[PDB]
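First up is the structure itself, then whatever we jot down about it.
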Amino acid sequence: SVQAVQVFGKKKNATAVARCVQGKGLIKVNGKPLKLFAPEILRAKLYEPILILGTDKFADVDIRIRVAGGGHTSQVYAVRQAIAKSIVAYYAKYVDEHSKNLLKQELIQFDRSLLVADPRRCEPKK
Amino acid sequence: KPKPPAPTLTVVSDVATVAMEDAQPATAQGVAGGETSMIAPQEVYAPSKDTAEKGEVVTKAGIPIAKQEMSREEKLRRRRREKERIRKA
Amino acid sequence: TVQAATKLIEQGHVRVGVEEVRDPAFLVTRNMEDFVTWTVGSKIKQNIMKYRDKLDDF
Amino acid sequence: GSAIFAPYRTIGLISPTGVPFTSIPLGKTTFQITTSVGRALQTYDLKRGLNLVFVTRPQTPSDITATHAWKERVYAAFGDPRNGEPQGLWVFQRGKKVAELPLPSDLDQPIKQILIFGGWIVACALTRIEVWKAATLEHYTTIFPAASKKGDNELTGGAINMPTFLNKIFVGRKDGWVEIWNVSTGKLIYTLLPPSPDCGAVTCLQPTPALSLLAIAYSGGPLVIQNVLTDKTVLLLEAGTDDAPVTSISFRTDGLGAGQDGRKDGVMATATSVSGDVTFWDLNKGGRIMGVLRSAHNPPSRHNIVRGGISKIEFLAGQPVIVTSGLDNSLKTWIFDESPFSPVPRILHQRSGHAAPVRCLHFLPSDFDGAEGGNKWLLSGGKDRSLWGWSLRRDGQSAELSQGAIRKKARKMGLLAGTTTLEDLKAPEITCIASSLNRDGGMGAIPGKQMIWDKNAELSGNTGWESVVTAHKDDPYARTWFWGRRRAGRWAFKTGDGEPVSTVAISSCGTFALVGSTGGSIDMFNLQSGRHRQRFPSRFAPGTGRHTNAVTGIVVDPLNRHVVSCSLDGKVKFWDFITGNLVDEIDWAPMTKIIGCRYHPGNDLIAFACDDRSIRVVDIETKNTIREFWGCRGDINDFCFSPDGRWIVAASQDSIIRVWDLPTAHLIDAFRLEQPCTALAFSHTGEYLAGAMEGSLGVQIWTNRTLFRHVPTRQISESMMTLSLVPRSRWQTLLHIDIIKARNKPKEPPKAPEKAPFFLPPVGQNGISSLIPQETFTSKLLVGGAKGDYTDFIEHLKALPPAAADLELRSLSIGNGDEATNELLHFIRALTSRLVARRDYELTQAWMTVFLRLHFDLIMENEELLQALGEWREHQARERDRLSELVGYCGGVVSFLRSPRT
Amino acid sequence: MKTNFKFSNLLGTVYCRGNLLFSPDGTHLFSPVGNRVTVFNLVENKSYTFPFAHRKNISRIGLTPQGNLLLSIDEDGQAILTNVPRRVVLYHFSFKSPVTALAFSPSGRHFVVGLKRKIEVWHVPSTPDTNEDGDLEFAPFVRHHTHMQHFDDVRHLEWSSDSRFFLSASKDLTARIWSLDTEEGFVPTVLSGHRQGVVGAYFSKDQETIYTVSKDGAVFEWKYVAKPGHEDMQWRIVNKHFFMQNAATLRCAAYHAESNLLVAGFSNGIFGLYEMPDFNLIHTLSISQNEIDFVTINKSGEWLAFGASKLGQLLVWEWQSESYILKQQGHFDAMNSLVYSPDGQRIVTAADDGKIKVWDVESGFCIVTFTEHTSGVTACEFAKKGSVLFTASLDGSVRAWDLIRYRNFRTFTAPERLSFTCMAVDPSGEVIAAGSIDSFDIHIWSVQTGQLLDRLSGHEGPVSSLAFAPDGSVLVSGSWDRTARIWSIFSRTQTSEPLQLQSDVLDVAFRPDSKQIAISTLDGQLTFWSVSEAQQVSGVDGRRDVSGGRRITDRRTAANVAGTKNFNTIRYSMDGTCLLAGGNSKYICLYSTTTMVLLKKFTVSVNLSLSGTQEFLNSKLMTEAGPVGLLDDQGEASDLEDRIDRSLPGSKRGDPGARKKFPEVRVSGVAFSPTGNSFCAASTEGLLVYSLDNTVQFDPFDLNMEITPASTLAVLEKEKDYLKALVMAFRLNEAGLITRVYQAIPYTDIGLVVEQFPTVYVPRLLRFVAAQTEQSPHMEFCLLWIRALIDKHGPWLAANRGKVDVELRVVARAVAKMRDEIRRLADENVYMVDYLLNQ
């Protein structure tokens, strides 16, 4: 009955659950707002999907994120991955596939790591 | 896992490739195609020691040179090269 | 159980390798027992991920 | 006639006329129901649904006015000669005319009904009965009823036979009299008078299942059932109002269905032509009424555009079903239930059509390459507010795209009894339609039931959303329709300006639906979520490109790059899709006022129809008009393209349809219609054109004669070394015919017997192959060498099989020892002549190759032709130096230019 | 480029179940291929396919004795008649029963047809091709008579020579004689006395002796002689004689009455032909191992045409010369892969039958069948040179054939035994990489050495698609570890850059200008990556665009069937602007690589005898025992070899048993043509070649208002401004007008026209002169055109090289045709003449 989408985000050892529901427009990380949770210089890494997609896409959703593990940098990268993948999955399920494809195209044109986490394996020059 | 590879030999003739082609009213090749004799000149004739003359030798170049006209220095060098191949084997 | 397995591969949740398998008599050899798994958009796969609490909706 | 479009069939038309149907029982399991198109007859089967069995050809020259269906044959009488038209009576069988009836010379009357019995067929015209004998189909006599007054002679009602009465017809007059006429001797034998003579005219009469009891129905209201040999009234029933006279009656020959339990017989249905409701009587006690089936068809209104009435009722023989056919293009069959008692029946079969003329037409886009193609589904929006999907392949799989439970709403309102009407319960009349089945989900489009026109997207993306968008007459919403489910879609898009819709379009990808108001505003909606996406213009200078007048004809590029939108007053504007800003305008403002546009995908051409009676074709890529067409003498009603793009067809208000060749920029044909065409639609492959006329309900399909036979019509109206043509295969296996036959021999030989048949029978034309052309090749070559020209021998040798060519090239010889008797020297001199004339280089080289290959010994040992070989070598060396330098230069420079970096 | 693809000829199968036919001239052979009918022109090597398509497989072909009208019957009796000179569909009409015999009258006015027990003689419809003032009627067929005086299947119908009587041969062991109209001294008599039912009853030339050939192998003569007690005569039997084919029953016989010879094809594949009225065995031989299904004879009588249904196996046999005219074989398994030749004249396909074969695009015949693989053949590939073909297969060997000598000069294997399922080869032709499903390493051999260079590794799963870059620098592998690898091998450092994806990689393809790559995953999405900076630049989610399904044995809705929602194979255009994508589904998608939209979607087959060709099956075919196309109906077969089920339980990939009832629809390989303007796709029905339609569609380039064909010919003939006329014709883009002006300008003004020609119309002109060299007999004229074009616009084409690569390729193969066809003969002739003149 309720519109709800749960999306994970991943870095070295920092993981993020983001549940996106129908709402008024808030984004909370660990119960505190997104403008509070980061080091003061990496909030520009957090605001990257919102500024790519515009605020009109985030006008309708409410995203709640939990993070665990990692350091400050790994947790910030996990939060921005959870934000971007979360709004793309909500627009996949509950509005049109053309809007899903437009959001995916804008995010992939900026940075692919907002959608697909690339782990660093060990394969040096063999 | 397919099978161990066991040696199989196939006997090709000296006919043209339009004898290996399938049955149809006319060939798919042009007029230039259809004279290719399905075995290379190396299989029509290759000069080697088993098909040389009695007095002559054949070199690595495929050229008949006779032991009588060959000098002493070239005889020594050919003996050294054959002995080098024998030492390599 | 084998009864539930025949029901699931008649409903078509199981692929072997890259191709979905609808025949419940497909003889799985010893090196394709490493490649039998669920299909792409499987509700059974969503059930397993929802149990393990890793339900990624992307 | 025309030079391109030949008439095929009026489709979407099952019963439009006042001519009643006729039912014949086939066997013990089928009934044939035969109705009248107006120029043909359609016979449907009842056990097989009501799918069309036969339609009648050829089309009769006038309108059919009477019909009957005997054993196999269908008799059809046509033509009212009181206004011009020729008349006749034709006998069809399996939809083909097998016989004609000889009408009398002094027959200047329409022919109302036909009646076949005994060995006699009987035609009641108006005041006159013409009777033929059926075994020989010959004229017998003519019955003339007589009267004292002018009016009372008129034979309204008709004539019917009673079943056990030998050679007697029962005619009804305009006076109340029913006159019995012995049709053998042509003699009036009895007359039976109306009871209570205030009731004036016999409206109908029908034999009961009882013997010698006839049911006469008078215009003053009473139904009587009377013994026709006792002249004594069995029942008298006030069955009609004086304004609503009983017109059709029919009795249930089943043996049950009356008496408030259903196990007693005696049921009669009746209908008047001014109503649309049938009435069932139980005749047992005094003849009470038991039920009225209300609004079985549309009730006819003189003020409304929708037609209506009931043309005929027929209980089928010994069965519960009743087949009724109305004037509102509809045939229904109802059935009485057995185990609960139903005084009124329930509907089991129905076919219908438009109850009004067809307003707009649209052939559906092609299922990508599937069995539908472009030419199966037509989509017709009628003036009776319904959108039908016609099928040209089978006429039984066409069904109305339903707007909801309209008949359930009209029965839960008081719309079936007697406020608005059932047509007014629908969406308004359709102005235009545009559809794209790139996302039509078939039957399972959105599973479950959805709301209709409302004013969850994972399942929509999995299966498929709406397909047709539809601009209606004066409503601000542009409705949407599922196509594959055949129902109304779940959205209804408002304009944004608030003004009514003027045009609508759909994207090629099937996602976006663009509405364009009559006030100027153009809006774009996503059809999956039903949401407003982009407005044109958004909010040249960006933000200001809005039209000042109505928007007719928007269309989207199939790449989703531009949308080109056309104003009423003046200009055509190309907008960017994703931005919503104006890119480029073209202004024909002070001279034209564009009333429509059509687009050709796969050609990038747009055709605009303006108000100066002209059509301007513009290339959308170069943005300049390329072809203007000036042919119309009225307003352009509807125009369309060809799928090749080579023609544009325009139907104007002058009732002339004009075809313009677009590459030649000329007229081709212009054929005059009987009524002005209101809508045109060409199929997405090239066979069918479809025209919806003015006045006629149901569209007219023309075929395209140019696809089958070539027409030479282009009539502008107002009212060097060359090769040969010889196949490469032929001469290239002449050059190689030894190894080709060696590969064509089988691996194992055929197992021929020891006693082998010597002298096999001769196959082929006269002992040789059938490929050698029939009328001595040496005689050909030597008379060609006696003359100067070898062209006869060369044109003979060219057209040979390669085996026979190797034979006639191996069978040359020196012979007697003279220069004029040897074939080798003349063959070399013939190839020398061809090298001089520069005609057949490849064949000359192939012939010379095989000639030198099989004749080198004689040409080496002989000196009389080495001079000819020397002259051949001179010409050959010159020509090969020139040609080899040419082809080597082109080959080497092309091989360099393909990869110049090594 | 213009993405306007109609359907050109089917290819890759030569015969399927159905009747064979000859033309009345005797040259064209009409054969049914699934639900279409190919015409093989045999006098000039050509072939085409009629534009219709039946819903089920072809049951019957008939042809009007004038030659013009063809009438093809599907299963369940839906008939399409069509005009063979103007290849257009004319009438559709449904016989309501399955047609089991059909024969047109030699007068041409009637045709008789046997629906199982019935015998209906119909009129032949009047056609727009034959009447001057005529059109399409509605129901054109008028039935003349129906005869149900019969008790079982009507197996054969044969008209007379005067077309007044015909014979119906039966399955109730009795041939009958019928008339057209009521004759004076005739009763519709029966001809009883057989043992296993008549195969065919035939007239003689002078219609006195009529022969009956039955299924047991016996042919009887019937004459109108008096009963042995002597007005009173009876159609009785004068002699009987038997084919002594030992353990077989004859399946189809034919009889040429003008030359009096009878051919019979038997169940063991050995046919035999006999000079009939004395019954001398002319000869006999074994054309097929399986059986022979349908025999027809030439009208001339010198050719025979046999068709076996279980394989492709169509062959024409010239009996007096005792040699094949053609002996052709389609694939009897799933076509696994295909590639065009780099010339573009011939394509080569590799199926799971074990054979690979090289079809010619014109004339539709296979020209060589390489048969050295002992298991199913997977991917085949060419080099840049086009003379060498490398084919991998499941028997563990990547073989390497040379197509100028037709012998595998190399065969490669892995030391531990693998079964290779995918392969790529460097465009230099010197390195082969191949990957399998058994081991996750990816093997690399050298062509000129022969031994194994390396086993590259770094994949955590079996490697599914390999592609060498067309410049030659980068291998790309794609594997079920959800990963792809940019292998750089040829540099001094051998490196591997991974591309991490979301699901298992199914296909990898390069752009021709090698900067881009498209990889198609198992989600159903295409991702366009860059190879220099390895970042995804584009993407299409394409599940809905390809999802068309619901096979039989599928208990999901076609929208919920996963498995037919991915792209198994993808290929760029030779332009590089449009992908083409095909999977295990009915639809072929044609995407744009820049604008990312689906330009056009195609449907491979309308054929309802295949399994997955409609996404909404109807509930009429669902009984209470499952669907109606699922009950095992082998037990209702007359022949034991048809009744035996030698099938293995659970064998998806091929078994020699191969029940194969209602096979699936899947596009296992697609390829664009290197000359442009065509692609083709290996379906299960065949090998469909789609091509652009430019002659049946008006499409100007950038047109003005004063440019008509009349104005173009006016400025040609009156004004004589040749450059203006040629630019106007290329601007109108009508090939007849372009040909007219191109031939009309003279060969001394070619240079002036080319010197002042525009560079926006240069590539269209190069393509046009390439087509005119390959088709028209004006060879020196077109070569002067090509020479002037390249000599004037030399540096522009060499500067571009990517925008004009297809035009240069088609010009190169046109001059390759003229270089190999005429000048070798001219040189050999002048050297032979010089020697014979020098004695």
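Labels for the structure tokens follow display order: chains A, B, ..., residues from 1 in each chain, ligands from 1.
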Identify, on the basis of only C-alpha atoms, every residue whose closest approach to residue 28 (chain C) does not exceed 12 Å; exclude the query and any residue fewer than 6 positions from it along the same chain; express the result as a PyMOL selection string. (chain C and resi 15-17+21+34-37) or (chain E and resi 649-652)
How about saving the chosen residues, N, CA and C atoms kept, as an mmCIF file, in the first residue's frame?
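As written to disk, again.cif reads:
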```cif
data_model
loop_
_atom_site.group_PDB
_atom_site.id
_atom_site.type_symbol
_atom_site.label_atom_id
_atom_site.label_comp_id
_atom_site.auth_asym_id
_atom_site.auth_seq_id
_atom_site.Cartn_x
_atom_site.Cartn_y
_atom_site.Cartn_z
ATOM 1 N N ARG C 15 17.557 -20.994 -13.798
ATOM 2 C CA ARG C 15 18.368 -21.079 -14.995
ATOM 3 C C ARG C 15 19.542 -21.986 -14.680
ATOM 4 N N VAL C 16 20.131 -22.573 -15.711
ATOM 5 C CA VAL C 16 21.368 -23.328 -15.573
ATOM 6 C C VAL C 16 22.398 -22.638 -16.446
ATOM 7 N N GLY C 17 23.241 -21.857 -15.831
ATOM 8 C CA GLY C 17 24.208 -21.070 -16.587
ATOM 9 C C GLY C 17 23.640 -19.704 -16.962
ATOM 10 N N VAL C 21 15.671 -22.690 -17.659
ATOM 11 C CA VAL C 21 15.356 -24.090 -17.893
ATOM 12 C C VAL C 21 13.929 -24.328 -17.428
ATOM 13 N N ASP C 34 27.794 -26.179 -10.560
ATOM 14 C CA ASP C 34 28.366 -24.925 -10.108
ATOM 15 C C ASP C 34 27.736 -23.714 -10.777
ATOM 16 N N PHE C 35 26.820 -23.913 -11.728
ATOM 17 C CA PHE C 35 26.222 -22.802 -12.450
ATOM 18 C C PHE C 35 24.709 -22.759 -12.402
ATOM 19 N N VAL C 36 24.046 -23.773 -11.859
ATOM 20 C CA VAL C 36 22.605 -23.674 -11.638
ATOM 21 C C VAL C 36 22.327 -22.656 -10.534
ATOM 22 N N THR C 37 21.464 -21.684 -10.828
ATOM 23 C CA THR C 37 21.078 -20.633 -9.885
ATOM 24 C C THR C 37 19.738 -20.061 -10.328
ATOM 25 N N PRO E 649 16.004 -38.262 -22.458
ATOM 26 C CA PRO E 649 15.247 -37.444 -21.503
ATOM 27 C C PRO E 649 16.089 -36.292 -20.982
ATOM 28 N N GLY E 650 15.632 -35.073 -21.243
ATOM 29 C CA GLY E 650 16.362 -33.900 -20.813
ATOM 30 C C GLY E 650 17.631 -33.652 -21.594
ATOM 31 N N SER E 651 17.482 -33.284 -22.856
ATOM 32 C CA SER E 651 18.605 -32.914 -23.707
ATOM 33 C C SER E 651 18.220 -31.618 -24.404
ATOM 34 N N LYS E 652 18.635 -30.488 -23.835
ATOM 35 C CA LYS E 652 18.305 -29.204 -24.435
ATOM 36 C C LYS E 652 19.120 -28.974 -25.696
#
```
Selection near region 77-93 of chain D, 7 Å with only C-alpha atoms, sequence-local residues under 5 positions removed, as a PyMOL selection string: chain D and resi 62-67+72+98-101+103+108-111
Within 6 Å of residue 21 (chain B), counting only C-alpha atoms, which residues show up once you throw out same-chain ones fewer than 3 positions away? Write them as a PyMOL selection string, please. (chain B and resi 18) or (chain E and resi 367-368)
How close does chain B get to chain E? List, as JSON lines, each residue of chain B within 10 Å, its nearest atom pair and the distance in Å to one decimal, counting only C-alpha atoms.
```
{"residue": "B:1", "atom": "CA", "partner": "E:417", "partner_atom": "CA", "distance": 5.8}
{"residue": "B:2", "atom": "CA", "partner": "E:395", "partner_atom": "CA", "distance": 5.1}
{"residue": "B:3", "atom": "CA", "partner": "E:417", "partner_atom": "CA", "distance": 7.3}
{"residue": "B:4", "atom": "CA", "partner": "E:417", "partner_atom": "CA", "distance": 7.3}
{"residue": "B:5", "atom": "CA", "partner": "E:413", "partner_atom": "CA", "distance": 8.4}
{"residue": "B:10", "atom": "CA", "partner": "E:407", "partner_atom": "CA", "distance": 9.7}
{"residue": "B:12", "atom": "CA", "partner": "E:407", "partner_atom": "CA", "distance": 8.7}
{"residue": "B:16", "atom": "CA", "partner": "E:405", "partner_atom": "CA", "distance": 8.3}
{"residue": "B:17", "atom": "CA", "partner": "E:405", "partner_atom": "CA", "distance": 6.2}
{"residue": "B:18", "atom": "CA", "partner": "E:367", "partner_atom": "CA", "distance": 9.0}
{"residue": "B:19", "atom": "CA", "partner": "E:368", "partner_atom": "CA", "distance": 9.9}
{"residue": "B:20", "atom": "CA", "partner": "E:368", "partner_atom": "CA", "distance": 7.0}
{"residue": "B:21", "atom": "CA", "partner": "E:368", "partner_atom": "CA", "distance": 4.8}
{"residue": "B:22", "atom": "CA", "partner": "E:367", "partner_atom": "CA", "distance": 5.4}
{"residue": "B:23", "atom": "CA", "partner": "E:326", "partner_atom": "CA", "distance": 4.8}
{"residue": "B:24", "atom": "CA", "partner": "E:326", "partner_atom": "CA", "distance": 4.1}
{"residue": "B:25", "atom": "CA", "partner": "E:325", "partner_atom": "CA", "distance": 5.5}
{"residue": "B:26", "atom": "CA", "partner": "E:45", "partner_atom": "CA", "distance": 7.1}
{"residue": "B:27", "atom": "CA", "partner": "E:367", "partner_atom": "CA", "distance": 7.7}
{"residue": "B:28", "atom": "CA", "partner": "E:367", "partner_atom": "CA", "distance": 6.7}
{"residue": "B:29", "atom": "CA", "partner": "E:367", "partner_atom": "CA", "distance": 9.2}
{"residue": "B:30", "atom": "CA", "partner": "E:821", "partner_atom": "CA", "distance": 6.2}
{"residue": "B:31", "atom": "CA", "partner": "E:821", "partner_atom": "CA", "distance": 6.0}
{"residue": "B:32", "atom": "CA", "partner": "E:820", "partner_atom": "CA", "distance": 5.9}
{"residue": "B:33", "atom": "CA", "partner": "E:404", "partner_atom": "CA", "distance": 8.2}
{"residue": "B:34", "atom": "CA", "partner": "E:404", "partner_atom": "CA", "distance": 9.4}
{"residue": "B:36", "atom": "CA", "partner": "E:405", "partner_atom": "CA", "distance": 6.7}
{"residue": "B:37", "atom": "CA", "partner": "E:405", "partner_atom": "CA", "distance": 7.4}
{"residue": "B:38", "atom": "CA", "partner": "E:405", "partner_atom": "CA", "distance": 4.7}
{"residue": "B:39", "atom": "CA", "partner": "E:405", "partner_atom": "CA", "distance": 7.2}
{"residue": "B:40", "atom": "CA", "partner": "E:405", "partner_atom": "CA", "distance": 8.5}
```
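Across the model, the gap from CA of residue 440 (chain E) to CA of residue 484 (chain E) is 12.9 Å.
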Atomic distance CA of residue 38 (chain A) - CA of residue 73 (chain A), expressed in Å with one decimal: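 Interatomic distance here is 8.8 Å.
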Can you check which parts of chain A lie within 9 Å of chain D? Per residue, the shortest pair of atoms and distance in Å to one decimal, counting only C-alpha atoms, sorted by chain and number, as a tab-separated table.
```
residue	atom	partner	partner_atom	distance
A:3	CA	D:456	CA	8.9
A:91	CA	D:457	CA	8.9
A:92	CA	D:458	CA	6.9
A:93	CA	D:458	CA	4.8
A:94	CA	D:457	CA	5.0
A:95	CA	D:457	CA	5.6
A:96	CA	D:529	CA	5.6
A:97	CA	D:461	CA	6.7
A:98	CA	D:511	CA	8.0
```
Residues just named, written with N, CA and C atoms as a PDB file, in the first residue's frame:
```pdb
ATOM      1  N   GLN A   3       4.411   3.312  -0.695  1.00  0.00           N
ATOM      2  CA  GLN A   3       5.490   3.313  -1.671  1.00  0.00           C
ATOM      3  C   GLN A   3       6.812   3.415  -0.928  1.00  0.00           C
ATOM      4  N   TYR A  91      12.351   6.094  -8.781  1.00  0.00           N
ATOM      5  CA  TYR A  91      11.792   6.506 -10.058  1.00  0.00           C
ATOM      6  C   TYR A  91      11.636   5.344 -11.022  1.00  0.00           C
ATOM      7  N   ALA A  92      12.365   4.255 -10.800  1.00  0.00           N
ATOM      8  CA  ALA A  92      12.108   3.020 -11.526  1.00  0.00           C
ATOM      9  C   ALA A  92      10.761   2.441 -11.153  1.00  0.00           C
ATOM     10  N   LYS A  93      10.477   2.354  -9.856  1.00  0.00           N
ATOM     11  CA  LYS A  93       9.310   1.594  -9.426  1.00  0.00           C
ATOM     12  C   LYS A  93       8.024   2.405  -9.497  1.00  0.00           C
ATOM     13  N   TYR A  94       8.062   3.694  -9.184  1.00  0.00           N
ATOM     14  CA  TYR A  94       6.809   4.393  -8.943  1.00  0.00           C
ATOM     15  C   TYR A  94       6.498   5.534  -9.900  1.00  0.00           C
ATOM     16  N   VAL A  95       7.438   5.972 -10.732  1.00  0.00           N
ATOM     17  CA  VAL A  95       7.105   6.841 -11.860  1.00  0.00           C
ATOM     18  C   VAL A  95       7.697   6.221 -13.117  1.00  0.00           C
ATOM     19  N   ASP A  96       7.636   6.934 -14.235  1.00  0.00           N
ATOM     20  CA  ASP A  96       7.878   6.354 -15.544  1.00  0.00           C
ATOM     21  C   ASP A  96       9.325   5.907 -15.751  1.00  0.00           C
ATOM     22  N   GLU A  97       9.465   4.891 -16.602  1.00  0.00           N
ATOM     23  CA  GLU A  97      10.758   4.382 -17.028  1.00  0.00           C
ATOM     24  C   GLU A  97      11.550   5.394 -17.836  1.00  0.00           C
ATOM     25  N   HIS A  98      10.886   6.338 -18.503  1.00  0.00           N
ATOM     26  CA  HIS A  98      11.612   7.409 -19.173  1.00  0.00           C
ATOM     27  C   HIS A  98      12.305   8.316 -18.166  1.00  0.00           C
TER      28      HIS A  98
END
```
In region 112-313 of chain D, what's strand (DSSP E or B) per DSSP? Answer as a PyMOL selection string? chain D and resi 113-117+120-124+129-133+138-143+159-161+168-172+178-182+187-192+202-207+213-218+222-227+232-238+246-251+258+264+267-272+278-282+288-293+310-313
Contact set, chain C to chain E: 10 Å, only C-alpha atoms, as a PyMOL selection string: chain C and resi 10-15+17-28+31-32+35+39-42+58
To one decimal place, how far is CA of residue 153 (chain E) from CA of residue 171 (chain E) in Å?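 Between CA of residue 153 (chain E) and CA of residue 171 (chain E) the gap works out to 5.0 Å.
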Residues of chain A no more than 9 Å from chain E, counting only C-alpha atoms: send them over as a VMD selection string. chain A and resid 101 104 to 105 108 to 109 111 to 112 116 to 119 123 to 126
Since we have the selection now, will you write its residues out, keeping N, CA and C atoms, as an mmCIF file, in the first residue's frame?
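Final output, selection.cif:
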```cif
data_model
loop_
_atom_site.group_PDB
_atom_site.id
_atom_site.type_symbol
_atom_site.label_atom_id
_atom_site.label_comp_id
_atom_site.auth_asym_id
_atom_site.auth_seq_id
_atom_site.Cartn_x
_atom_site.Cartn_y
_atom_site.Cartn_z
ATOM 1 N N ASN A 101 15.307 6.373 -16.879
ATOM 2 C CA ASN A 101 16.407 6.394 -17.835
ATOM 3 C C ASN A 101 17.070 7.760 -17.907
ATOM 4 N N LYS A 104 19.252 7.963 -14.720
ATOM 5 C CA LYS A 104 20.417 7.103 -14.894
ATOM 6 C C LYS A 104 21.418 7.705 -15.867
ATOM 7 N N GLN A 105 20.934 8.332 -16.941
ATOM 8 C CA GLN A 105 21.832 8.934 -17.918
ATOM 9 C C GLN A 105 22.570 10.126 -17.334
ATOM 10 N N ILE A 108 25.183 8.685 -14.761
ATOM 11 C CA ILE A 108 26.295 7.992 -15.398
ATOM 12 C C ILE A 108 27.165 8.975 -16.170
ATOM 13 N N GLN A 109 26.563 10.022 -16.735
ATOM 14 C CA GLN A 109 27.342 11.064 -17.391
ATOM 15 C C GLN A 109 28.196 11.841 -16.398
ATOM 16 N N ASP A 111 29.242 10.620 -12.954
ATOM 17 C CA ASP A 111 30.165 9.724 -12.262
ATOM 18 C C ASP A 111 29.474 8.377 -12.115
ATOM 19 N N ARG A 112 30.094 7.322 -12.651
ATOM 20 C CA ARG A 112 29.483 5.999 -12.601
ATOM 21 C C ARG A 112 29.454 5.430 -11.188
ATOM 22 N N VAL A 116 27.203 2.239 -9.514
ATOM 23 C CA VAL A 116 27.862 0.942 -9.453
ATOM 24 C C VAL A 116 29.125 1.087 -8.624
ATOM 25 N N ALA A 117 29.170 0.400 -7.491
ATOM 26 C CA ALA A 117 30.354 0.411 -6.649
ATOM 27 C C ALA A 117 31.426 -0.465 -7.268
ATOM 28 N N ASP A 118 32.589 0.120 -7.529
ATOM 29 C CA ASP A 118 33.709 -0.613 -8.107
ATOM 30 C C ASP A 118 34.692 -0.963 -7.002
ATOM 31 N N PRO A 119 34.778 -2.225 -6.589
ATOM 32 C CA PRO A 119 35.731 -2.584 -5.538
ATOM 33 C C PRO A 119 37.145 -2.621 -6.083
ATOM 34 N N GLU A 123 45.217 -6.809 -8.513
ATOM 35 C CA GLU A 123 45.758 -7.376 -9.750
ATOM 36 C C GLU A 123 46.808 -6.449 -10.339
ATOM 37 N N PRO A 124 47.990 -6.363 -9.717
ATOM 38 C CA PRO A 124 49.064 -5.540 -10.283
ATOM 39 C C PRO A 124 49.959 -6.313 -11.238
ATOM 40 N N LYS A 125 49.851 -5.999 -12.541
ATOM 41 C CA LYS A 125 50.881 -6.211 -13.580
ATOM 42 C C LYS A 125 51.508 -7.613 -13.579
ATOM 43 N N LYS A 126 50.695 -8.610 -13.912
ATOM 44 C CA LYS A 126 51.161 -9.989 -14.025
ATOM 45 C C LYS A 126 50.896 -10.530 -15.424
#
```
Would you kindly return, as a ChimeraX atom specification, each protein, DNA or RNA residue with an atom no farther than 12 Å from any atom of residue 659 (chain E), considering only C-alpha atoms and excluding same-chain residues fewer than 4 positions away? /E:310,333,630,632-634,642-652,654-655,663
